[PDB]
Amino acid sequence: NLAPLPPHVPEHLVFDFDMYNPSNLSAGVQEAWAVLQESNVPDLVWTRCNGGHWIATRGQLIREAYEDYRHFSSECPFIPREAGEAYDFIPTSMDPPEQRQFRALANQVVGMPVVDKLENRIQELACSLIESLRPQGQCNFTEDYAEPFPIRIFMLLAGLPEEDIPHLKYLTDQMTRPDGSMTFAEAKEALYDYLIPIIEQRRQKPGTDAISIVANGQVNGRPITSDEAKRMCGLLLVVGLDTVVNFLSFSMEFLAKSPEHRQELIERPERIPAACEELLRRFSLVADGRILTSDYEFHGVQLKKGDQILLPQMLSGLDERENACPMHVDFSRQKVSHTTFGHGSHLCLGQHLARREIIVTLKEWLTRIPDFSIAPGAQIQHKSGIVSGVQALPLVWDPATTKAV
């Protein structure tokens, strides 16, 4: 359904892109979004889909808008508007200066220092999961590895039982790729219904888990409030259950379809880190945005106070203006440019944990299962939203070609 065109939006800037069900989704989600970068498409367009909103299509504008928080506010970061209005997670729903004090505490529970403490656990789980699958000669990658690996590690640090995964995963997914059964607001309240008692429980009897640290934390010298802690932990759950999980599947789908690249990493393991960065660019998957704090002329386009603008983190690296032959994957690419982990004051705090999980996966999987492919006749389906993903990824391989170690 298309919303009536606002009086200030000129017809020549209309491009009805649906971020939750893009026209060319069958060609791959990144490819579907890339249509926004075709020759005849303006740098900034307006779509009448999902209530109506602007979409910056080039890395230059995306980066600029993310840096200018005075005009582009995070107060309402999601499309549709009802979702952005209900969205109140900390620190993502705040703009500087207020945002910074909470960011410092968040970095404390998901930052590099935390990764170091989880290193052995992360390594051990990846190897354990892969070894268990190796002899089967097949797997449903999304549910057999992409989900359990990142999620179990997260539940470990958050001190939450693994049996709670199904429910929490469902809720998080409704906030990024809603199936229609729940509005963002309904999913949020369900998430908070789960968290509130745990936070109070851990404020009374503090543990060493991430929820306890946040719950009993301080924000620039003063005690964090119960609601602030709740809004912070809400973000942690979403990010721990619906980010790396999706990216791993895009990366493995690609490797399953390209023996050449698998071979390159097998022969030269030292290239894994660089490969991780090139895959992060090519298979970027996030797209959220901002709301205009006032009327503002941006790159020749008149934006009105309250207008929502989608700033696809995914598009910057796919922009041929930033990377030549953007759809081509080259692990030796000289200057890999992207905004996969965001840009500006809200730059991803968990990117170190994400990269570690990606690199460990690449290394340990290729060491045990060097040769694999997409299951016979399988047609991989992608899903689009605030965070895009892969519906299912059935893989097959000959056990005789694997190495247990």
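Numbers for residues come from their place in the sequence shown, where the first is 1.
The PDB entry reports B-factors from which the mean C-alpha value can be compared for 296 to 304 and 109 to 117; the larger average falls on 109 to 117. Relative to one another, 47 to 55 and 24 to 32 have unequal mean CA B-factors, and 24 to 32 is the one with the higher figure. In the deposited coordinates, the residue among 93, 246, 323, 284 with the greatest CA B-factor is 323.
Note on 345, 339, 351, 40: the highest value goes to 40, judged by CA B factor as recorded.
The deposited CA B-factor of residue 309 belongs to the lowest third of values across its chain.
Remark: residue 220 belongs to the highest third of its chain, ranked by C-alpha B-factor as recorded.
Among all modelled residues in its chain, residue 369 ranks in the highest third by Cα B-factor. Residue-level temperature factors show residue 65 in the lowest third of its chain, judged at the C-alpha atom. In the PDB entry, residue 140 places in the middle third of its chain by CA B-factor.
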